[PDB]
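In what follows, a structure is listed as structure tokens, so that the remarks can point back to it.
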Amino acid sequence: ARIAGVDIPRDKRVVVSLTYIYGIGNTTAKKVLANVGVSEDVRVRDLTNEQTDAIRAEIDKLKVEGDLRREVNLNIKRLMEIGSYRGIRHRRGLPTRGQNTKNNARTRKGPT
Amino acid sequence: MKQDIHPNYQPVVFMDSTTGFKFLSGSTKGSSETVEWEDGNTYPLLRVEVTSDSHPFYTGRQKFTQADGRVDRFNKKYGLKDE
Amino acid sequence: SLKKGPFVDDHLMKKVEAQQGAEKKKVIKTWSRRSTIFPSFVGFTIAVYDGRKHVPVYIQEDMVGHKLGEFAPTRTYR
Amino acid sequence: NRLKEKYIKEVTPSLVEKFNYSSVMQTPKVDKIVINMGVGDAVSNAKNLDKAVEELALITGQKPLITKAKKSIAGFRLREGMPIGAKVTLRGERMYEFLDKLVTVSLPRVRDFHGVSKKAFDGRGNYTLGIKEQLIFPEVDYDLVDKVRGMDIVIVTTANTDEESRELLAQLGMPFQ
RNA sequence: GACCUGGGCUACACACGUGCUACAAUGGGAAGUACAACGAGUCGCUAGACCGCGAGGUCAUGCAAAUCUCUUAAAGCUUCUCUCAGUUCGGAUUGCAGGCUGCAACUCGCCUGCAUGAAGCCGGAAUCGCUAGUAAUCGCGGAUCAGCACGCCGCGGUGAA
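Protein chains in written order, with the entry's author numbering: chain m, 2 to 113; chain 1, 1 to 83; chain s, 4 to 81; chain F, 2 to 178.
What follows is the structure, given as structure tokens:
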């Protein structure tokens, strides 16, 4: 449910649909399919029960899960609870370089 | 059990990429594939992807991912650089 | 971005190793704005200058990655 | 079913050991299972039970009942006679079939799993297992189920304390933490 | 008046002016295919070849000039795929690992890879520019300058009502 962790759609193209799962970008899908040896197939996906297992195996060699968030969450957790200016402004959203915030809220909170 | 007011149900075989745990029932049916003696003459359409062993919890927690080595970051990345 | 090794100024290293034998003196005043953190610093107590005042702060374990300047913010907003 | 077999062949002697009953009759059993699907929106929109009861009929093997209102509350906008919840009771072999489903297919379809909470003792041992979603069981499909309702499984036993019940359910699945 | 280190001038409930990227099918992606002009160059432009997918590194090559390099310009032209969806559009924001200069990049650089993927489907009252190689659109160069350009100063390509 559906095929890898969760979140696979039906009646789409394969390589695009494999990006959908949380943590798989675009290079991941192409390299995974490379290690099986497949292609689009086609615009409504019609995979075989064996190909499904092949991809289910090759995917389980990746830290990408429905659990990648836990690592990121704990990382920003270690951040926000030691110093931490980065963690402090991570209680209020500022980056690895800062941008002189007198517009830099229109993407984080909708300031107006 | 009354009449005409209870939906379908049949002792449908369960299965997976492994373990052939073919004994249970259900209420989803279809193309017949396992009419066999050792189990119910029924369907393996239930091809769930969890053996109760996929999640390494009934097979006990595994080392599926680590997600363990934060200390060597400073102690190996420039720690191989240390020694 | 310094893959030829990290960096901490010498007028802090010699002044942090000089305690490796005995217990550590609670005070290490510094400039505290150019130095990352090395494993030889855990357990100390370094005060950190913010251009105005030195800020006394100890040293934990995971607090070992970044530079010294990320603990005495020179902004003071509120 | 296989559970009844496994039950009378393993659970009875093991538990007879771990507490030394003067008679095997003294065994802690499993009695029934009730399921609770509270819509809580019929008072607003009575067009939700119309599918709740269906998804239930699919999960269990029988169509649920329909619980009344029993009182009147204004903040809720409750009038007596209105329906809010729909339930089923499980007995006989279907108990074991559905519990097999739970322990073997259903539960391990839930993301970020640690097991069941270790604390539903009640001091008398009727453990419950709340559920958030209802997309878990393979009896349910993607493009047919369009809500995130839940149930409240209320398993009952014949145990008096909670450790007996705990180490019993251990023998019968229940992947604790 | 004067010497040095550290921080400012980069602060953020908010109001406005100027700009860039967009809300896709004249488009997204992949593969082939040609055509300018202005200028810069000795501690600097790198040829070529080798390595890593990349930012790049290594050894080596000419050039104080119509010779050598920056530098085969990009839209263009030819096929294939994607089907109208917040979509393969949009890539803000953020985790991790790197690169370069730099005595030193948290405050407070530019760039690369992976991963996550925000608002946003042509914008009121109002208001601006423009009469021709113009408006619109697409690239090139250099001034200051270890390093850092959506700015500014020039060039050229396509080409309307």
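Just so it is clear, CB atoms sit at the ideal spot from N, CA and C, and this is done for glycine as well.
Are the CB atoms of residue j and residue i within a distance shorter than 8 Å?
i, j, result
"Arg3 (chain F)", "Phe23 (chain 1)", "yes"
"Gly131 (chain F)", "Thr158 (chain F)", "no"
"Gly30 (chain 1)", "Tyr9 (chain 1)", "no"
"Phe10 (chain s)", "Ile31 (chain s)", "no"
"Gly84 (chain m)", "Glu73 (chain s)", "yes"
"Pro7 (chain 1)", "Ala58 (chain F)", "yes"
"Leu66 (chain F)", "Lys72 (chain F)", "no"
"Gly24 (chain s)", "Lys81 (chain 1)", "no"
"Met175 (chain F)", "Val106 (chain F)", "no"
"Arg47 (chain 1)", "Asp16 (chain 1)", "yes"
"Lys31 (chain m)", "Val16 (chain m)", "yes"
"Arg112 (chain F)", "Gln135 (chain F)", "no"
"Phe177 (chain F)", "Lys119 (chain F)", "yes"
"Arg98 (chain m)", "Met81 (chain m)", "no"
Just the Cα atoms here: how many angstroms apart are residue i and residue j?
i, j, result
"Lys6 (chain s)", "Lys70 (chain s)", "15 Å"
"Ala43 (chain F)", "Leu169 (chain F)", "39 Å"
"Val33 (chain m)", "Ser27 (chain 1)", "36 Å"
"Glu36 (chain 1)", "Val13 (chain 1)", "10 Å"
"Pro59 (chain s)", "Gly116 (chain F)", "45 Å"
"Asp42 (chain m)", "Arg14 (chain m)", "7 Å"
"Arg46 (chain m)", "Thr29 (chain m)", "18 Å"
"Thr33 (chain s)", "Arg57 (chain m)", "56 Å"
"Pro56 (chain 1)", "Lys102 (chain F)", "18 Å"
"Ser23 (chain F)", "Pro14 (chain F)", "13 Å"
"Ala50 (chain s)", "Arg109 (chain m)", "35 Å"
"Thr90 (chain F)", "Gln63 (chain F)", "9 Å"
"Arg44 (chain m)", "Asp12 (chain m)", "7 Å"
"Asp53 (chain s)", "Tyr86 (chain m)", "13 Å"
"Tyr97 (chain F)", "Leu63 (chain m)", "37 Å"
"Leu75 (chain m)", "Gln66 (chain 1)", "14 Å"
"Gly124 (chain F)", "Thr162 (chain F)", "6 Å"
"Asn46 (chain F)", "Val73 (chain m)", "40 Å"
"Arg81 (chain s)", "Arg90 (chain m)", "14 Å"
"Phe21 (chain 1)", "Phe99 (chain F)", "15 Å"
Thinking just about the alpha-carbon of each residue, which of the options is nearest to the one in residue i?
i, options, result
"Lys148 (chain F)", "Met96 (chain F), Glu56 (chain F), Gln27 (chain F)", "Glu56 (chain F)"
"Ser35 (chain s)", "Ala25 (chain s), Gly24 (chain s), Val19 (chain s)", "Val19 (chain s)"
"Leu108 (chain F)", "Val89 (chain F), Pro139 (chain F), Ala121 (chain F)", "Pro139 (chain F)"
"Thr129 (chain F)", "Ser166 (chain F), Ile74 (chain F), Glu6 (chain F)", "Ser166 (chain F)"
"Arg3 (chain m)", "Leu100 (chain F), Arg150 (chain F), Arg110 (chain F)", "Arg110 (chain F)"
"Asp12 (chain s)", "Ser38 (chain s), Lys29 (chain s), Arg55 (chain s)", "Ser38 (chain s)"
"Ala160 (chain F)", "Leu16 (chain F), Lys5 (chain F), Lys7 (chain F)", "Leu16 (chain F)"
"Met1 (chain 1)", "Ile60 (chain F), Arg95 (chain F), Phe20 (chain F)", "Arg95 (chain F)"
"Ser54 (chain 1)", "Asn41 (chain 1), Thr19 (chain 1), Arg73 (chain 1)", "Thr19 (chain 1)"
"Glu59 (chain m)", "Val73 (chain m), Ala35 (chain m), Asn76 (chain m)", "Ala35 (chain m)"
"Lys10 (chain F)", "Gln172 (chain F), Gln178 (chain F), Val54 (chain F)", "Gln172 (chain F)"
"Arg55 (chain s)", "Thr77 (chain s), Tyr61 (chain s), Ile62 (chain s)", "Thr77 (chain s)"
"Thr61 (chain F)", "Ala75 (chain F), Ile74 (chain F), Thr28 (chain F), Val141 (chain F)", "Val141 (chain F)"
"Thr68 (chain F)", "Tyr143 (chain F), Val12 (chain F), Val54 (chain F), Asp144 (chain F)", "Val54 (chain F)"
"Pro10 (chain m)", "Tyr143 (chain F), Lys133 (chain F), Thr28 (chain F), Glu164 (chain F)", "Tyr143 (chain F)"
"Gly6 (chain m)", "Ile5 (chain 1), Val50 (chain 1), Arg61 (chain 1)", "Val50 (chain 1)"
"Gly38 (chain m)", "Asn27 (chain m), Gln52 (chain m), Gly26 (chain m)", "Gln52 (chain m)"
Q: Would you check if there are 3 or more beta carbon pairs closer than 8 Å linking the stretch 37-48 of chain F to the stretch 144-159 of chain F?
A: The stretch 37-48 of chain F is in contact with the stretch 144-159 of chain F.
Q: Name, going along the chain, the residues of the stretch 63-88 of chain m whose beta-carbon falls closer than 7 Å to a beta-carbon of chain 1.
A: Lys64, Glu72
Q. Are the stretch 85-98 of chain F and the stretch 41-52 of chain F touching by the rule of at least three beta carbon pairs closer than 8 Å?
A. yes
Q) Mind listing which residues of the stretch 159-175 of chain F have their C-beta closer than 9 Å to chain m's C-betas, in chain order? A) none
Q | Cβ pair count under 8 Å reaching 3, the stretch 57-71 of chain s against the stretch 40-48 of chain s | A | yes
**Q.** Cβ-based contacts, 8 Å cut-off: residues of the stretch 94-114 of chain F near chain m
**A.** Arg110, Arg112, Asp113
Q. Between the stretch 50-61 of chain F and chain 1, which residues of the former have a C-beta closer than 7 Å to a C-beta of the latter?
A. Near chain 1, meaning a CB-to-CB distance below 7 Å, the residues of the stretch 50-61 of chain F are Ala58, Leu59.
Q.
I'd like to know if the stretch 7-24 of chain m and the stretch 54-74 of chain m are in contact, where contact means that at least 3 CB-CB pairs between them fall below 8 Å.
A. Counting C-beta pairs with one atom in each stretch, the stretch 7-24 of chain m and the stretch 54-74 of chain m have three or more that are closer than 8 Å, which means they touch.
Q) Mind listing which residues of the stretch 14-47 of chain 1 have their C-beta closer than 7 Å to chain m's C-betas, in chain order? A) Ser17
Q. For the stretch 56-81 of chain s, which residues have a beta carbon sitting closer than 9 Å to at least one beta carbon of chain 1?
A. Cβ contacts with chain 1: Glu64, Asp65, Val67, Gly68.
Q | Interface residues of the stretch 49-81 of chain 1 facing chain s [CB-CB below 9 Å] | A | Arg70, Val71, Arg73, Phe74, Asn75, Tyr78, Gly79, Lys81
Q. Name the residues in the stretch 4-24 of chain s whose C-beta lies less than 9 Å from a C-beta of chain 1; which are they?
A. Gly8, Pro9
Q.
Along the stretch 126-160 of chain F, where does the CB come closer than 7 Å to a CB of chain 1? Name the residues.
A. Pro139, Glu140
(Q) Short of 8 Å Cβ to Cβ, which residues in the stretch 64-97 of chain F face chain 1? (A) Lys64
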